[PDB]
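Engineer: Pasting the sequence and an experimental structure:
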Amino acid sequence: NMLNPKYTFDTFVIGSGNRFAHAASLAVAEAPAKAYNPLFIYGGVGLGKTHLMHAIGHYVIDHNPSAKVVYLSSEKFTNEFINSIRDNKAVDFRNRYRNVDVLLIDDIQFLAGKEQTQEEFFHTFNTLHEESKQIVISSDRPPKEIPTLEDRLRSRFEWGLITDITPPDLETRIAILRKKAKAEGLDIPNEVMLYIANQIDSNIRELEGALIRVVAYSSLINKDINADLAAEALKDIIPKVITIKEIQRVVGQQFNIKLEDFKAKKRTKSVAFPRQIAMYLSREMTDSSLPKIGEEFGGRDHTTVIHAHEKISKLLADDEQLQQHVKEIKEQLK
Amino acid sequence: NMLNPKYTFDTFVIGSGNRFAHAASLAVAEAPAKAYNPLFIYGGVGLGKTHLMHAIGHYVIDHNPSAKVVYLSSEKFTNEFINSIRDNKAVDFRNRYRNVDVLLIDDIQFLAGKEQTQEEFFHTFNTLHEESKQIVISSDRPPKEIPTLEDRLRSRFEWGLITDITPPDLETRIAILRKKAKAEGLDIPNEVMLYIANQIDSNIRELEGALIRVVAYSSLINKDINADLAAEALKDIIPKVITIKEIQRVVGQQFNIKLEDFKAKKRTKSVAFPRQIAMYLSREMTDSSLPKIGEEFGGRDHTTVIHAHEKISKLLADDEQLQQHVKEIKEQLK
Amino acid sequence: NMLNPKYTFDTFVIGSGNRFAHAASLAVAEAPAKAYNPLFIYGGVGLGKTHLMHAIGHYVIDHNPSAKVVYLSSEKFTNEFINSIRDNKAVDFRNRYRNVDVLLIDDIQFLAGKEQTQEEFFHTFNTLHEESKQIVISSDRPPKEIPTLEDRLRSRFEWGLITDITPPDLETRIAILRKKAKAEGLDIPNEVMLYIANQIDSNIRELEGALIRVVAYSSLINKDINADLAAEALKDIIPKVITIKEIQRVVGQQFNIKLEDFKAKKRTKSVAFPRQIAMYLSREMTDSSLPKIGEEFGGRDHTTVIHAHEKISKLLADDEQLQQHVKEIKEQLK
Ligand SMILES: Nc1ncnc2c1ncn2[C@@H]1O[C@H](COP(=O)(O)OP(=O)(O)OP(=O)(O)O)[C@@H](O)[C@H]1O
Ligand SMILES: Nc1ncnc2c1ncn2[C@@H]1O[C@H](COP(=O)(O)OP(=O)(O)OP(=O)(O)O)[C@@H](O)[C@H]1O
Ligand SMILES: Nc1ncnc2c1ncn2[C@@H]1O[C@H](COP(=O)(O)OP(=O)(O)OP(=O)(O)O)[C@@H](O)[C@H]1O
Ligand SMILES: [Mg+2]
Ligand SMILES: [Mg+2]
Ligand SMILES: [Mg+2]
């Protein structure tokens, strides 16, 4: 029906970051409206929530064919709700959504900032929970930190079980890629697999994207996939952690002060100016503590750093030539 | 209809800079919504991304007349979306664009800075991907480079195939120019073809401008096209790499300091000043390493260059006569 | 409408400097949107660019009453665009300026420095060329040297034919004068036309103004126009080539020295200083080459010329009444 066939409990990879959410979803599928009537899922994007609840819907339909499992996104919920209001189809909207055996909702964050749709979902939740029906909600934030949410909805969300998804680690990244490769029907070396899994890790969508790009590049070049092939295909795609020494060398390449001049005790303006501009940049951009930064940068007290960067802010609040200088600094440092 | 009849697969010259993009585009045209749904071509200017998307549309419409194919630019998308919002026809906008079999969207970079429109296109993308429809996206720069793009949209862009287009080679430029001439229905000598293609490597949109200028000049002057006539026509149409030797000769033509004076070990202000002004000029307008430029400039240490160009920066941050002097220098060095 | 009855192809006098532009414009007029779609014409001031654009519009409207030709300036474009986006009526601005069969946009260089107006014109150009609508662009400088123009908009400017207008020569100046006089309906002796065309060669506009002044003064004096009356009428309206000999004579006059001792080998200050000032003036005023001026200076070496020029420049960089004397000398030479 309206469920992707690729998303299923059997095609889902279990890892440390999704074991709890997977187990809760499977328990809900095995015991609908009995174990966890409100089940709330939150996590990052590209982390497996839609896959998980498509798997729930598939499980429920397969084990029970009479069930009316409905899955949708909060965007479509609001669109249908408002169009029903505008076309006097409110009774039909209520009929279609209050009587489903299992309900599955994407990205309920979309409801934030919408008052009447939130009220209508509140009443739908109430009716479904009263009828001992099953409600499953996904989000990217826990219900505590969803803005513009009524306390009744916030308390309903926390009523049941709240599960979190975290970014996958290396073993499950390789396992996910292996599962995708085996489903597609391609043979690829472990070294290529590990190279991709190590080089790209922010979410999993980009993992599949990198894999399909490298296999397509190999197909075009008409050679089998190797580690060098993976490296050459995945070149325009490859975060740079900035260190205190890295920002020091950035400033000592742009304004190219010699390395030991910052540590010197010279009070002249020519020597001083790069010291305080780099001090302000490091203070605003790095997470290192103020005494620590003073320690590496000449072992200076925090008072000098404070005064220097404060006067730097004062001079950059009115003067624009150094403003374009500093925006270039922050453009070529990254 | 909305597709340029000239832009098609037959009129596209395959090279080493468009082979990967053309392969992905033709595979997508052969198997819409089955090979790589979110296809993402990006590249420079005048390179053929619009030609490629028009070719995809032509192929899929010819091989499947019933298929609903919509090509539009992201600017047109924003215009129509905002007009739908203001005219109270948003539902009609959703029906128009969410039900398309193949959606070709041009220059997605325009969505940078438009958060509501990015959300709308995010929802449209999700619908078109859930319904198993094809989405082809064009851009100037990779999705990780575009500013003010939500991580959801960036990850969905990077989910599918990503291809890039590079400027043509010289043989590719000659082949493109031959195809354009034979399409126009005229014969141009290979000497003229090589002359124009060797003169211009910017983009095909100016390659064809050069060819049309040559043909127009020949038609006016009532003489046959040859290399000399092409040179006559392209006098005012036709980048000069700036190197350290030519920078030194520019400064030795403006401030006319003799060649061996820079290499001299003198410490007088009159001798020294041209040395450091030229050194700062090169340092701000060269890609060569500081030790290399220092060795070239009399085999000097990098610290002396550092101090000299830094005092140059101080004297240019407050003095204006040398400011117009240096702007003249940079104007006439290029 | 917005076109000029006095600006048409019949009133245009074809010459060496506008034959190419006239032929390209006539081709565009005969076959709108099909021969040279992005036509770009640039030149000086008072040369015939707006005349040619109005002639193109006149021809198209005359041969095609169902043609929506719109002539406008860049200033009117930016005014209307900003007013529309301030009134929140941008949809009507777009509806007006993307449905024009021919767009005759003038003095496009005005768009320099207005980023969003440049973007709106960029989208307008894309929409108009994507639908096979003629585009004619006029400027005072070639598209390459229009500042703050993006590569995209410049490349669209360079896509088609680019023409240029050169200041007219004597025969076509006299032809323009004869045409203007015959259109006005007065008989003027050919000697008067030759006199005016000889003693005013700047553009059409001052030529037309000189003719108008001659006619008005002669009408006031109720005397038939002749060479002497034209001379008296143009007494108050009416550059010289600078000569090294003249410069030397002038400088020697101010600084109390004769003529024959310029090439003398005496190293006395009272003669060297005026000679250095004269050679500095020749260097910074004339295009004469350094070997040539050295030959005129009794075979002095280029190194000595360099040293004297640098010394004079540095000495003048610290004082102002030598600059005053130099300004007085330049005013005398003018
Ligand atoms: N074990 C796994 N954990 C997470 N994702 C997985 C796993 N195995 C496969 N995937 C893939 O991860 C991808 C992430 O897409 P998914 O639809 O789950 O995103 P999401 O974060 O839930 O977002 P949304 O709710 O907006 O759809 C899917 O294409 C899915 O096939
Ligand atoms: N490989 C090619 N063979 C033939 N013509 C080509 C090729 N690549 C580009 N062109 C031509 O270049 C011209 C301008 O390029 P085009 O508009 O197609 O690309 P683009 O600038 O990358 O696209 P977009 O405007 O969508 O960013 C077109 O007329 C097209 O025919
Ligand atoms: N070849 C020509 N023959 C006749 N008149 C000419 C010719 N060239 C220029 N002129 C005169 O130029 C006058 C005005 O100049 P025009 O506006 O055409 O030029 P422009 O200064 O380049 O234009 P713009 O208004 O775009 O800055 C017209 O009245 C026309 O008579
Ligand atoms: Mg999804
Ligand atoms: Mg594009
Ligand atoms: Mg003009």
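Structural biologist: Done, it's in. Numbering: from 1, shown residues only, chains lettered A, B, ... in the order given. Ligands and ions are numbered 1, 2, ... in the order given.
Engineer: and the residue in chain A that ligand 6 sits nearest to, which of the three is it?
Structural biologist: Minimum separation of chain A from ligand 6 (C-beta to the ion) falls at residue A:324, amounting to 32.9 Å. Quick note: C-beta positions are derived from backbone N, CA and C, even for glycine. Using DSSP: H, G, I helix; E, B strand; the rest coil, the structure places residue A:324 in helix.
Engineer: How about residue A:72?
Structural biologist: Local secondary structure at residue A:72 is given as strand here, using three-state DSSP.
Engineer: Verify the contact between it and residue A:104 for me.
Structural biologist: Yes. With contact defined as C-beta atoms under 8 Å, residue A:72 and residue A:104 form a contacting pair (7.2 Å).
Engineer: So for those two, which sits in the more crowded spot?
Structural biologist: Counted by other C-beta atoms under 10 Å in any protein chain shown, residue A:72 and residue A:104 do not tie: residue A:104 has more neighbours, with 25 against 16.
Engineer: Confirm that one sits in a strand?
Structural biologist: Yes. Residue state for residue A:104 (three-state DSSP) corresponds to a strand.
Engineer: Residue C:300 versus the residue nearest to it when sequence neighbours are not counted, what's the distance?
Structural biologist: Counting by C-beta to C-beta, 6 or more residues apart in numbering or on different chains, residue A:104 lies nearest to residue A:71, which is 3.8 Å off, once chain neighbours are set aside. According to C-beta to C-beta, to the nearest Å, residue A:71 stands 93 Å off from residue C:300.
Engineer: Please apply the same query to residue A:9.
Structural biologist: In this structure, residue A:9 and residue C:300 are 95 Å apart, going by C-beta to C-beta.
Engineer: go on, residue A:37?
Structural biologist: Separation of residue A:37 from residue C:300 (C-beta to C-beta) stands at 103 Å.
Engineer: Next, count neighbours for the residue of the stretch 101-250 of chain A found nearest ligand 5.
Structural biologist: Distances from the stretch 101-250 of chain A to ligand 5, computed as C-beta to the ion, single out residue A:236 as the nearest residue at 17.4 Å. By other C-beta under 10 Å, the residues close to residue A:236 number 13.
Engineer: same deal with the one 4 residues further on?
Structural biologist: Per other C-beta under 10 Å, the neighbour tally for residue A:240 reads 7.
Engineer: Kindly report the same for residue A:62.
Structural biologist: By other C-beta under 10 Å, the burial measure for residue A:62, its neighbour count, is 12.
Engineer: so it is in which element?
Structural biologist: When secondary structure is defined by DSSP states H and E, residue A:62 falls within helix A:49-63.
Engineer: Helix or strand for residue A:39, just tell me which one.
Structural biologist: Element membership for residue A:39 (DSSP H and E) is strand A:38-43.
Engineer: List the strands paired with that strand, with their directions.
Structural biologist: strand A:134-139 (parallel), strand A:161-165 (parallel) (DSSP bridges).
Engineer: Residues contacting the shortest one, please?
Structural biologist: Put plainly, it is strand A:161-165. For strand A:161-165, contacts defined as C-beta atoms under 8 Å, 6 or more residues apart in numbering or on different chains pick out A:17-18, A:20-21, A:24-25, A:36, A:38-44, A:47-49, A:142-143.
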